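Only one chain comes next, encoded as structure tokens, the form deposited without the ligand.
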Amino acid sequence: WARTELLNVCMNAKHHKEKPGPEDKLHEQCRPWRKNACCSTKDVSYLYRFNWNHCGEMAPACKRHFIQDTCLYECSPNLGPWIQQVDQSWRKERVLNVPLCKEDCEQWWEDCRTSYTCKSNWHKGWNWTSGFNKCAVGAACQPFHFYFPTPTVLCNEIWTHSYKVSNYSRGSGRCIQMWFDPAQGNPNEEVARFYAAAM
């Protein structure tokens, strides 16, 4: 029998698994998840509550990945196998070692080369005085790859091991994609099913 508590599930604030639904208005730009989302019909969304421009303006090509990243985390109903019991430090669920596809990670790392940041663990240590995050005193802004010198360090460390970049590539059926064309189905559904069956 399928471990359905790990499939097509969203972890809610009372730490019960609930079903996804129609995507809410705030997440309209998370297009791939319009029909089936954990961000479904107050908010705690990194679509606007997080300062991407903490070290000057982030390049558009870089920010796009962070939107995809935000969308996956907030909307995906296919992260069940990686959802953890404790998530008190996270705005929604806590996931651990999500097998991000090789390309998603590598392209993310390359597209953010010309951007800047001041720390490698974006999950903690920000100064929230202004209502949004700024680099704390002592945290020097540097080129992106100064804090993330390899795709692995970026994807694995930026959100403290929310991802573990996979050696598998898109289409393998064995890694989670950060974005996709929903008209061609949702590729991460079979990936979730696969890991639920194996773990």
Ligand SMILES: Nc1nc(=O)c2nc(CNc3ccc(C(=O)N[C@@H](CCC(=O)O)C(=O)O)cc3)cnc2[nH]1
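Start at 1 and count along the sequence shown; that's the residue number. Residues that one form lacks are left out of the comparison. Rigid core: the largest C-alpha set superposing within 1.5 Å between the two forms.
- In the comparison with other entries of the same protein, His65 is given coordinates in all of those covering both sides of it, so it never reaches the one-third threshold.
- In the record comparison, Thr41 is unmodelled in at least a third of the other entries of this protein that model the residues flanking it.
- Where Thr41 is followed by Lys42 in the displayed chain, the model omits 4 to 9 of the deposited residues that sit between the two.
- Stretch comparison (170-178 versus 156-164) by mean CA B-factor in the PDB entry places 170-178 on top.
- Between 140-148 and 25-33, it is 25-33 that carries the larger average Cα temperature factor according to the deposited entry.
- The top Cα temperature factor in the record, among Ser89, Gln107, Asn78, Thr117, falls on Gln107.
- The deposited CA B-factor of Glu103 belongs to the highest third of values across its chain.
- Ranked against the other modelled residues of its chain, the C-alpha B-factor of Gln84 as given in the entry falls in the middle third.
- The PDB entry assigns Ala192 a C-alpha temperature factor belonging to the middle third of its chain's modelled residues.
- Sort the chain's modelled residues by C-alpha temperature factor and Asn51 lands in the middle third, per the entry.
- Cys10: CA B factor lies in the lowest third for its chain, per the PDB record.
Below, we turn to the form solved in complex with the ligand, even though it does not appear here.
- In the deposited bound form, the ligand lies farther than 4.5 Å from every heavy atom of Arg113.
- Interface residue remark: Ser89 is counted as part of the site for the ligand in the deposited bound form, having a heavy atom within 4.5 Å.
- Contact between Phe146 and the ligand in the deposited bound form is not found at the 4.5 Å heavy atom cutoff.
- The closest heavy atom approach of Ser162 to the ligand in the deposited bound form falls within 4.5 Å.
- Looking at 146-154, 53-61, 162-170, 29-37, the stretch with residues near the ligand in the deposited bound form, meaning non-hydrogen atoms within 4.5 angstroms, turns out to be 162-170.
- When the two forms are overlaid on the rigid core, CA displacement between this form and the one not shown of 2 Å or more is confined, within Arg49, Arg170, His161, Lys63, to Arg49.
- After superposition on the rigid core, the Cα of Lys92 moves by 2 Å or more between this form and the one not shown.
- Annotation: Cα of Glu18 displaced by at least 2 Å between this form and the one not shown, core superposition.
- Shown in the overlay between this form and the one not shown, fitted on the rigid core, is a CA shift at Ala139 of 2 Å or greater.
- Between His161 and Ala139, the Cα distance is greater in the deposited bound form than in this structure, by no less than 3 angstroms.
- Annotation for the pair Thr70/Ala13: C-alpha atoms approach each other in the deposited bound form, by 3 Å or more compared with this form.
- After superposition on the rigid core, the stretches of at least three consecutive residues with Cα shifts of 2 Å or more between this form and the one not shown are 11-19, 22-29, 42-49, 89-93, 137-139.
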